[PDB]
Each structure stands twice: as structure tokens, then as C-alpha cells.
Amino acid sequence: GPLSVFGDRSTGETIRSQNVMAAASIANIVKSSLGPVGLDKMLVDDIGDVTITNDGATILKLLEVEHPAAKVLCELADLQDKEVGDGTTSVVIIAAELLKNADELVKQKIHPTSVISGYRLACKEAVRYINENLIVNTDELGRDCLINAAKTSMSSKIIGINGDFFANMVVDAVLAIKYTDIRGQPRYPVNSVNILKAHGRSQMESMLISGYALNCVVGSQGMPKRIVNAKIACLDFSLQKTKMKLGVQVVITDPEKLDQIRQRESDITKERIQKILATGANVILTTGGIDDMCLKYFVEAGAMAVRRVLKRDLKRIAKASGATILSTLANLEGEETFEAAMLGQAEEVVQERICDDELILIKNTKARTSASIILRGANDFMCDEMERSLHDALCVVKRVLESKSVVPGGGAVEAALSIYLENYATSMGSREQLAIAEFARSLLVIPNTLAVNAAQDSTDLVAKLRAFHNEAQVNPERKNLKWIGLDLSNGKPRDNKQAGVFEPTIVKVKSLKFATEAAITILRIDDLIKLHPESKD
Amino acid sequence: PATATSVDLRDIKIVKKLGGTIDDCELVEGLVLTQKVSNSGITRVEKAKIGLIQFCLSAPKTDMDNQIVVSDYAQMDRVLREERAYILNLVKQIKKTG
Amino acid sequence: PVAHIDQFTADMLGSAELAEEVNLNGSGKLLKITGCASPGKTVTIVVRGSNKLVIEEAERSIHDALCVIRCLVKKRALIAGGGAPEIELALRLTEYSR
Amino acid sequence: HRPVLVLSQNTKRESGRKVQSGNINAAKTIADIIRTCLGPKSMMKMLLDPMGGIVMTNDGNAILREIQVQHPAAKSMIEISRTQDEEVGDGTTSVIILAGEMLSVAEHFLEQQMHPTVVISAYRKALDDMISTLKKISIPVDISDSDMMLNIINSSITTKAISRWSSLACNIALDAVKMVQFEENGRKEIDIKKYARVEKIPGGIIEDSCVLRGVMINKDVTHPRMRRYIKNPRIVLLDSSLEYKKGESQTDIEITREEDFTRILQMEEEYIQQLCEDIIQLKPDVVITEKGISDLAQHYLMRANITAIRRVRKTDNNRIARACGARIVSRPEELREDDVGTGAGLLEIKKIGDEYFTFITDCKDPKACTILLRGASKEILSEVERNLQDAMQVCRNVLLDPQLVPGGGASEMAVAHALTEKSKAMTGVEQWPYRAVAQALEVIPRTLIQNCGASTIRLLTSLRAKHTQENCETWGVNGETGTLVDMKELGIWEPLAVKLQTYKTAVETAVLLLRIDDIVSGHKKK
Ligand SMILES: Nc1ncnc2c1ncn2[C@@H]1O[C@H](COP(=O)(O)OP(=O)(O)O)[C@@H](O)[C@H]1O
Ligand SMILES: Nc1ncnc2c1ncn2[C@@H]1O[C@H](COP(=O)(O)OP(=O)(O)O)[C@@H](O)[C@H]1O
Ligand SMILES: [Mg+2]
């Protein structure tokens, strides 16, 4: 008679109501961590680890989910870090409210393919309207655009101070790693900034190290820990005793030739260490291993040798100091040449005190003048929060300098799109106009969440918010009310042009493209079959 | 077309990568590989000549069991320096091809 | 495919106008060879997506699109769709049954 | 058995007032544990370890590390005292009481329908005004004076258990930092953990404890023919072994002739005698290595009158290299005249309680010393070791920052009147949480009278009236008697780095725990 599957089958409006409650179970979590009045959470594990964070990606990655519609919204937050980097609480609330308003349409016996086709006409029109209603590029504002866009990202986190201490350190970090490319591409690789953590003084003592901050120790306590006018030798091979390979064995037939082979394992080893040290090299960085026999040659000659450094840290030092990453001997059948003209340069390599640990600093690197940020917090829970908040702040200034276009934040984009799409649904709307009209109400949840978390008036402040944006579209008298946002500290609509509340363009363009595409896949689960777990057979 | 009535779909490779939207799909007629570049210091070359090599550029070894007998002081120098001269003749054979 | 280094000559090489590693913003990066002298009967389709579930559906929908043109190579004939031939199979076989 | 269609299985959800007012009570609970361990009239707290040991101490850091809590906000306060223990020495118990009081007044404003971001923005404005107040009431210190530095370290150990032997523990902790203050290149550093080793030996009296001018280890001589008393030895430090070991290869010898097996056994003896001839070219007296010494190496050093020590630790070799000025070499055929530890004083192999101890003392200018602790048992010697670590780090902060703050309640009352007078020009909704930071600083003079049994009403009313005038400004609480004595006459002075780290950590602890409105618990990880 029925289906003889050994799992479970649920059809109809059961799964159509379960996917909305699965998406609302995720959105109601992250609704309390949006905007400058948002608050952080606690993520306690079974082993006892506590993670205090408010970013939309760190919470949903550590949180376990079971529903298939819940894994779509959790993987939607992971894509926002790679594509944009701060846009990762706002996408989850929009994509869940896109399913909440579309559930009210399919309960009115409206076909979901008209809602899918109605959402594509509203998503492509939202990108078209936001690209024709921008204020200015990065020429008029200058450095004031980079600082004000950085403070908007920090307002939802622990580094949202009233001053410009953390804002100036981010702009000075991205501007110091300007790496040009072919065909006129000024790239800004923000992954080259080594963000370090140390439980020390307050947040106002966060050092901006112009150069690189290596997270390693010297090793042997007989080397000079401060070298002025240093020459960095970046190399990746273990400075240990000469061990033969698997194909080579030592089969001796004469007992007199025994001790000459035993001394040869250290003579070939020390032959490399004397030709890399006679060329003026004082700092040697190694990703392999330097044993206790080879540490004597640096104490005797007065050189610094750092062992077991990361491979991702050696590439950031050799590119910034002009050093060449050498793995072995080379240069056309040469015995030991080392190409001594390709040594790195540094002004000062100094191991400072980082509150009961050792940290090596390189000052200005003499070639590229890179930057590294050492964070200072109260405990380890604040340092993990300060690292995530700084990494999201580095991604904001990266997209502004690459794509010179900013949009007003604080719900100013979602207020203008809530009224333009209602007029867009009336012109060319015959049967898909109800999906475009619900696309505007789903976008209004971003200024609605700012009024809930601020404990302000909800149905009056957003009603006063769209009152200025309606007069900016139907009354062409140059009212300039396209930048009207929210003042959550006062509870009144303010102008985000003069207040300095700036967000990048692709933090909302890619947010509206990812949330609309995720809402289509969850809208097509009218039939769902769940099989039994095959564990013990 | 107009020469054969069969078509193999195994000549059309489909690469699945997470990121972007469906409008970011591409119809590149060349080769798309998912492997990384070691070393990644260049990652771009125009007027490139591509060569497929099935030889292993490493230490000399045979299908039979091969061992190195070291019974002299200078014999350890003749193992490391001849292995560097072996693969240098393999790289210079590759480099002089173009 | 070059197996031995003694047969590695310029005739066994390829050609490419641009062979670069396109640094993507999403899940890593891939290679992309653009242009080649005397191209073969192969092509590569790069499929993107916002979730890992949309790319698996887009892979099956592309294969359902390439198989439609595959049927037109074997039989160069097509009919009207959208419930069109099922009605004509229902009326002509009813008159055939009488 | 069909599974239940749930989402986020086996985890908890909690939000609202139960998390904001729930983390306050977890912070008030830890502050009530160590509340009786701040003043000089404090008492010890006996703790029990899961290993079977006993930690009897009154220091605020050592108490909180032995407490395993299950509350997530309670785990944050333990990491606060761990941060204060690594930055400064005597900056532990004061931060946990102050962060509990700054959250005690923060719970009042959360009931008044005020947003937590308004209290934190008032806390950050109050934190920037507490740093500027301590820099105005500071005083420059003459670090070259010996009697001035003794009064700073005596103020930090009056709370601890070594206040009875204050005349001895101040001279030990001052001479320990001034010996290890080493400067090779253009960078001053003080390493009081890797070079100032504090070794404790059970037995004797505490009055016989003294800081040695050199190092000491628990190691006997390798052979009884070797000398146990050398006047001026030339110590050579080694790192490799004096034995014959297998090489890092696959070496195998085919023995076909009769004379081949006896030759390899003779070449093993000639290899040891070759490296023993290379170390006697500099004419040493003491050979110290980290690996084993074979008996063939002991024979050649016996007739050459060389005392050899066998298995000295690697951390002890780095400490004796600074005292004698030697170089830890790892190759006997690469020894130089600069690698010989000349200038070392008397070397004596004493025995303290049926166990030999190698003493290397009486050096000319050692850069590393060892504090010899001798007491009743290992229980109270762990107390003096933890108190000398809090006594050497408070001397390190003065040598890097010679500024003193008047402690004993005078530091907190000088800023609480500065925050009160500066709050008159606020005129906003952040004015009232700005006033609560000055009232939260009152818990430090509250604790000094609650431990000695004095009144908290008649004293705090008179202490608040003493800071109404701008002339005196340094009146604190005397924990010995219980009255109000000026700190210029008592001599209780705390360093600037202790009071700055106390205020910077107590505010930012309240910054982190006030932004927490949700707690998720019950998930696993990798
Ligand atoms: N000063 C401000 N005034 C009004 N709104 C703000 C202000 N600063 C930030 N916001 C709002 O807070 C929101 C924070 O979003 P966020 O959680 O950072 O997104 P994502 O999770 O993608 O990084 C932004 O959408 C922005 O509109
Ligand atoms: N003789 C004294 N008179 C008044 N107060 C004192 C006296 N001795 C110590 N104190 C006070 O006792 C407190 C002890 O603090 P403590 O717990 O040692 O801090 P930490 O935990 O950082 O070491 C100091 O803040 C100091 O003001
Ligand atoms: Mg103390």
C-alpha cells in the first residue's frame, strides 16, 4: 500500500512549517547580538571551555544543529567570512525572515515558484538601486571614510570605545601592507597581519608593531636577545646532525675508518652553519629544528637563532624584509654558496617582555614596512573576543580600499529599499507582486532589531525612519534624506552622512544575494524523507 | 557536428566550488585544476608551455632493491653531491626545453 | 604524457596564452588555463553556489541540460512539451482501441 | 524507537535577567571567598589538592587556582587573578574584590531599565580618569638608595606570612633582584624566574635562610677520589655526553678477521680519551655536563684532578652559566678560553640531611643567584617560596618604574574624591554610573577595617572627610591598630605598576561580564 521505506516520511505543510521554525530557532539566537546595542553570548562546551563571542560566524559554527534547514543558515554564516568578513549576523536574520514571510504566502495557496521568481525580481532590483544611490567614493572623505567605517564594525563588539584608538590602528595596518599586482590592482592582504594575544594591561596598551611580531622564543639562553642592524636569514631545513636516508647505509669493513664517519656527521652539519654565518647574518629563522650541538655556533659568534617557526610566518617575514626562502643548496652545481646578496634586512630584532612569555619583534623590516598588532586584554576570554573583532575590522577597510564605495549603515539601506520595492511591485506586478511586497517587509527586520536591543520605541522609531525615506523618493526637491538612520543612544532618526556611520557596499550587496539564494533552497522542501541512522547494522 | 551521431559527456568536466552565486558560473574551455601550486611565488605566466611529466624528480632508485655502501671518509661527500648533480641534470633538461 | 626524461622534447609540450592560479575569495583557489593552440573536444564548467546543497542540485540540473542536447544528436527530432504528446497518445490510442 | 524531531539537541538556552543578574552573583561569590585575605590581619586558608597535597596559604592567586568551578562567569574571575599574578607580584586579591564591587554597583543600574552599554561607556570614561589621578599623587623613588627599596618590599610582605621575619626576607628579596639584573646588549632585563631559583630544603630554622652568591644543586660527585672542596675552580660547562653512543645512521660493521673485534673495543676507549684530552688543554677543575659520563671518562679526569658532576639539569646549567660567566658548549674539541668559568669562588660539596648538595658560591659578580630556604617542613616552605615570588616581582616593578602610590586605603580614596568632583560637569544619564565607580573603590578601605574588627561607619565618615581637602590627600587605613594614620609616617607604599594593573583589570572584568546576555551550554567540539 504505502511506501515501504524504513525511515520516516512527512509531506504537506508539516515540513513547510518546520523549516521556518528551524530558521527562526537560529535567528532568535543571534537577534540579541546585532548593532551597537547588541550583547555578547557565552559558548560553554562539555569539556569546560568557555567562548565569549558575539560574531554570527563563531556562534553558529560551534553550535550543534540537527535539522537540514538549520545547516543551510549555519553554512551561510561561514561563507560571509571568506567573501566579505563582517556581514555575518545580518545575513542570518534576513534569510530567516525571507522564509517567514514566504510561509505566509504559501499558506494563502500561492505557488512557491512565484515567490522564488518574485524574490529574484526584488533581489536584482535591490542591487540596482544601491549602486545608483551611493553618496561618494573615497576621494572626498579621504581618511575620514576609513576611520568611520572601522568604528561601525567595532560598535557591536568589545572594542567599541568612544575614542579612535582601535580605529586608527586598523587603518594604519591596512595602509602599510599595500601590495600592488598586475593590471593596476592595489591588493590589501589582511591575512598577513599577525594578530597576537597576551593577558596583560588594558585595551589602551595595544601595541601597533610596525614590522612583524614573531610568536617564538630564542631557545638557548646564551644568545643576544637584541640585535641592532640585523640581517635576517630565512631558511627551511632542520639544523640537526647529518642523518643518512633509507637508501644509504654505513657498512664498514675496516675498524680504522669507524671514527672518521662518526665525526663526518657533525663536520658536514657545521660546514653549512659556518657559510651562512660568515656573510654577516645575525638572525636565523628555521621552520625545521636546530639541535643542541648547532646552538653553540650562534652563542660563540653572537648571533640569534630562532627554531621551529611557522611556515605561514616565514613567508610574511621574507616578503617584508627582502629575504629569500632557501630550502637547500643551489646555484648551478655549487658546493656551498648560499647567495649571500639575498639576505634580509631589519632595523632591530628585540625580544621584549609580554607578561611572562617571550615574543620576538622586528622593527620596520627595511624593505616593505609591514605591520603586526599585539592585543592586550584582561583574560583569555577577552583576547579571543578582541582577535575576532579585530579580524572583522580588518575586512571592512579592505573592501573600502579595494571597492571605493560605501553605503550608510544603521538601517538606512533597508529603509530605502523597503519603499522603492513597494513602488517597484506596483508597476510590473501581476501575480508576483506579493513576493516583492513581502521582500520589503523582510528587509525591515534589520532596523526593527536595532530598536528591540536598544529597548527603545519599536513601531514608532521605524515608522519615523521610513517617513524620511518616503519623502526622499516621492518629493524630488533635493531633500537628501537617503542617509537617514537610527540613533540608538537617543532614539531618534539621525543623518548617517555627518554622524560617520559608514558600511561597505558589498557588506549589503553580498548579504542580499546570499540570503535570497539561501531562501530559495529552503522554500523547496515540500516533501522530506528522513532515513533511520545506520550505525550498528 | 555533421560528422558523428554520438557524444561522450565524460569530455565535459564539472568543477564544484563553494562561493558566490549561480551567476558566477564560467564556461572556460581550458583546463581547471583543483590542486595547489608549489611553490606559489609566481602563480601567473603568459605564453606558457605546459608539459605533463610522469617521471619522479627525486633521488635515484630502481624497481629492484637498491642500497648505498659507505665505507670511506670521502664517500659520504660522494652521496650528497652526486644526488644534487643528478636532479640538476633533470631540471636543466626541463629548462632547456622551454 | 612524458615518462622518461630522454624523450622530453619540445614536441611533447603544450601551449597556453595564460596559465594562472585565480585567487578566489571563496573556498580557496584553482587553476585556469585560457587559450591553447589546436584545442581538443573538451570543455570545463565551473559551478558556484551559496550553499553546498545548491551546487549538488546545479550539477544534476546541468547534466539534465546536456543530456537534452545529447538526445538531439542521436535523433534530430523534437515534439511539443508541457503535456502535449500525452494527450495525443490518449486520443489516438482510444480510437485505436475501438 | 523513533527519534524526536528536535533542534540543537542536549544543549541549554538562557537569556534575559537570569544571565545579567546571574553573572553578578557568581562574581560576588568569589569575592566573598578571599575577602578575609587582604589586610595585614588576615588568616591562612588550608586547601586540599586532588594529588593528595595541602596548600596552606593566604595569597589570593594560590587560593583561586585550587578551586574548580562549574559556572562560566566564575571561570572568568579565576583567569583575572592569573593575569595579575604574572604581570605584578602583589596584585591578586585586590582585583577580585574590586571587580566584584564594580559589578555589585552595576547590578543596581540593570534593574533601572538601563542598557549595559551605557554602564560600560561610563566605566571606560571612569577608567581613563583613574589612571590620571594616580600619576598626580605619585612620588619619584631613588632606586640607588638601599633603605628606600627596603620600605617598598616590606609594604608588600606585611600582608603575607613572612612579616614576622621582615628584617631577613627584605634583604633576601632585594639582593636577589639586584644580582640577576643582567644587561648584555642595549636592553635592560630582569629574569627572576629562570635565574633566581628558590630552592627549599626541609630542616633547620628560617633565620638561617639566606640568598647565596651563586647557585646550588642537589648532586654528588661522580667519583670519591674527586675533590669536594676547591678554592678557585675553573668550571667548564658541557652539553653533550662524555660517552660512546650510536650515531644517527644505520651503521653496521662486518667483522671477518680476528683483530677487528678487539680494535673496535679499543677505538671506543681512544675516542673517549680524545675528548678528555681536549678539555684538559685549558687546565680546568670542574667539568659539568647534562648527559651521562662513562667510567672511561671518569678515569682520565681522576688522575688529572678534575671533579666531574654527571647529570645537572638544563635549567641549572643556564643558571650557573650566568653566575660563573661560563659558556655552555656542546663540542669538547671546540673549547675556548672564553668558555671557562673563571672568577668562581668557593666550591664545596656539603651534605644537608643525608643528601649531598653541590654549592658554587662566593662569586665575584654573579648574574644568577639561588635563594636557600630552610624551614620546619615542606608545607611552610611553599608559603615562603610563594611569598618571595611576590616579594621579588614587586622589586622588579620599581626598578622598571620608580613611582610609588600611597597604599592602605589612601590610593582608593584619593581617586574616589577625584571622580566625585569630576562628575559634577557630566550632566547626563552616564553621571550616575560614573558616581558608582568612586563608590566601588571604597571596598578596599572597607576590607582593612573588617579584617581587624574596626567600625565601618565611624571610620569611613572620617576618612571621606579627610580627602575633602586637597592638601593632605594621603590618609589611609592602618591595619595594625585600626585608626587613621597618614601613610607618610607609617611607610606603607605600593608601586605604580601594581595600582595601575589593579584598576585596569577590575574595570575590564566588569566590561566583559556586563555584555553577556545569553549562555549556551551542552555542545561538544573536536
Ligand atoms: N553607530 C551606529 N548607529 C546605528 N547602527 C549601527 C551603528 N553601528 C553599527 N550599526 C548597525 O549594527 C549592525 C551590525 O551588524 P553585524 O552584526 O556587524 O553584521 P555581521 O554579522 O555581518 O558582521 C550593522 O548592520 C549596522 O547597521
Ligand atoms: N600596614 C598596612 N596598613 C594598611 N594597609 C596595608 C598594610 N599592609 C598592607 N596593606 C594593604 O593590604 C593590601 C594587600 O593586597 P594584596 O592582597 O597583597 O594584593 P595582591 O593580591 O595584588 O598581592 C594592600 O592593597 C595594602 O593597601
Ligand atoms: Mg601582598
Among (1) buried (at least 17 other Cβ atoms within 10 Å of the Cβ); (2) closer than 24 Å to A:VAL30 by Cβ, A:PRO112 falls short only on (2)
Examine segment D:509-524 for a residue that is under 25 Å from the mean Cα position of the chain (by Cα) and within 16 Å of ligand 3 (Cβ to nearest atom), and state whether such a residue exists. no
crowded, with 19+ Cβ neighbours inside 10 Å and touching a strand residue (DSSP E or B) at 6+ places or on another chain (Cβ under 6 Å), is that true of D:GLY341? yes
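So which of A:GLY302, A:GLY334, A:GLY322 ends up being over 28 Å from the mean Cα position of the chain (by Cα) and under 16 Å from A:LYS231 (Cβ atoms)?
Being over 28 Å from the mean Cα position of the chain (by Cα) and under 16 Å from A:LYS231 (Cβ atoms) holds for just one of A:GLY302, A:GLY334, A:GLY322, which is A:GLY302.
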Go through segment C:21-39 and give me each residue that's within 7 Å of chain B (Cβ to nearest Cβ) and of a type in the set (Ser, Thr, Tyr). C:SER27, C:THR34
Would you mind listing the strands (runs of 3 or more DSSP E) fully within segment A:182-283 where at least 3 residues are at the interface with chain D (Cβ under 9 Å from one of its Cβ atoms) and surrounded by 14 or more Cβ atoms within 10 Å (Cβ to Cβ)? A:226-230, A:248-252
Is at least one residue of segment B:25-46 basic (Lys, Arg), in a strand (DSSP E or B), within 7 Å of another protein chain (Cβ to nearest Cβ) and free of Cβ contacts under 8 Å to residues at least 24 places away in the same chain? yes
What are the residues in segment A:440-481 that are over 33 Å from the mean Cα position of the chain (by Cα) and of a type in the set (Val, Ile, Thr), if any? A:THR459, A:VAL474
Given (1) part of a loop (DSSP other than H, G, I, E, B); (2) within 16 Å of ligand 1 (Cβ to nearest atom), identify the lone condition not met by D:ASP518. (1)
Any chance segment D:461-477 includes a residue that's under 26 Å from the mean Cα position of the chain (by Cα), crowded, with 24+ Cβ neighbours inside 10 Å, within 12 Å of ligand 2 (Cβ to nearest atom) and under 23 Å from D:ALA99 (Cα atoms)? no
Output the number of the condition that D:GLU333 fails; it satisfies all remaining conditions of (1) free of Cβ contacts under 8 Å to residues at least 60 places away in the same chain; (2) within 32 Å of the chain's Cα centre (by Cα). (2)
Among residues of segment A:30-49, those that are more than 16 Å from ligand 1 (Cβ to nearest atom) and surrounded by fewer than 21 Cβ atoms within 10 Å (Cβ to Cβ), counted: 5
If I ask for residues that are more than 14 Å from every other protein chain (Cβ to nearest Cβ), of a type in the set (A, V, I, L, M) and over 15 Å from A:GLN108 (Cα atoms), which ones from segment A:426-456 would you list? A:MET428, A:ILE436, A:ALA440, A:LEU443, A:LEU444, A:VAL445, A:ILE446
Would you call A:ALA70 more than 7 Å from every other protein chain (Cβ to nearest Cβ) and in a helix (DSSP H, G or I)? no
Any idea which residue in segment D:64-77 is farthest from D:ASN25 (Cα to Cα), counting only those that are crowded, with 19+ Cβ neighbours inside 10 Å and within 15 Å of ligand 2 (Cβ to nearest atom)? D:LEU64
Select from segment D:45-64 the residues that are within 16 Å of ligand 3 (Cβ to nearest atom), under 19 Å from the mean Cα position of the chain (by Cα) and either of a type outside the set (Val, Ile, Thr) or within 14 Å of another protein chain (Cβ to nearest Cβ) (or both) and list them in ascending order. D:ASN58, D:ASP59, D:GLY60, D:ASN61, D:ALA62, D:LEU64
With the first residue restricted to segment D:248-267 and required to be assigned by CATH to the domain that holds D:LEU296 and farther than 11 Å from A:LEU258 by Cα, and the second required to be among the basic types (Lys, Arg) and surrounded by fewer than 14 Cβ atoms within 10 Å (Cβ to Cβ), Cβ contacts under 8 Å at 6 or more apart or on different chains are D:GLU248/A:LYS243; D:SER249/A:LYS243
So D:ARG164 ticks every box in (1) more than 16 Å from ligand 3 (Cβ to nearest atom); (2) without any contact (Cβ under 8 Å) to a residue 60 or more places away in the chain; (3) not hydrophobic (A, V, I, L, M, F, W, C) but one. Which box is left unticked? (1)
Which numbered condition A:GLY142 misses (of (1) within 30 Å of A:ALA519 (Cβ to Cβ); (2) surrounded by fewer than 19 Cβ atoms within 10 Å (Cβ to Cβ); (3) of a type in the set (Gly, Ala, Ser)): (1)
In segment D:65-105, which residue that is more than 9 Å from every other protein chain (Cβ to nearest Cβ) and touching a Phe, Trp or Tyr at 6+ places or on another chain (Cβ under 8 Å) is nearest to ligand 1 (Cβ to nearest atom)? D:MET102
Does D:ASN171 meet the test of being in the same structural domain as D:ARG396 (by CATH) and either more than 25 Å from the chain's Cα centre (by Cα) or within 16 Å of ligand 3 (Cβ to nearest atom) (or both)? no
How many residues does segment B:57-98 contain that are closer than 28 Å to A:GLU265 by Cα and either away from chain C (no Cβ under 14 Å) or assigned to a loop (DSSP other than H, G, I, E, B) (or both)? 27
So for segment D:482-496 (the condition being among the basic types (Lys, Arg), away from chain A (no Cβ under 11 Å) and not in a strand (DSSP E or B)), does at least one residue qualify? yes
Read through the list (1) more than 14 Å from every other protein chain (Cβ to nearest Cβ); (2) crowded, with 22+ Cβ neighbours inside 10 Å; (3) not small (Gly, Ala, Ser), then give the number of the only condition that A:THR459 fails. (2)
D:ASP49 meets each of (1) touching a residue at least 40 places away in the same chain (Cβ under 8 Å); (2) of a type in the set (D, E, K, R); (3) more than 26 Å from D:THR509 (Cα to Cα) with one exception, condition (1)
Residues (surrounded by fewer than 22 Cβ atoms within 10 Å (Cβ to Cβ), farther than 17 Å from C:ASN51 by Cβ and either of a type in the set (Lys, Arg) or within 13 Å of ligand 1 (Cβ to nearest atom) (or both)) located in segment A:54-89: A:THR58
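Only one of D:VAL119, D:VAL55, D:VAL88 is crowded, with 24+ Cβ neighbours inside 10 Å and in contact with a strand residue (DSSP E or B) (Cβ under 9 Å, 6 or more places away or on another chain). Can you tell me which? Outline the logic, then answer.
On the way: D:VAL119 fails: in contact with a strand residue (DSSP E or B) (Cβ under 9 Å, 6 or more places away or on another chain); D:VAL55 fails: crowded, with 24+ Cβ neighbours inside 10 Å.
Sole residue among the options that is crowded, with 24+ Cβ neighbours inside 10 Å and in contact with a strand residue (DSSP E or B) (Cβ under 9 Å, 6 or more places away or on another chain): D:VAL88.
What is reported rests on the model, the rules as stated and the sources as named; none is laboratory data. We place every Cβ from the backbone using ideal geometry, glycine too, and count neighbours over all the protein chains shown.
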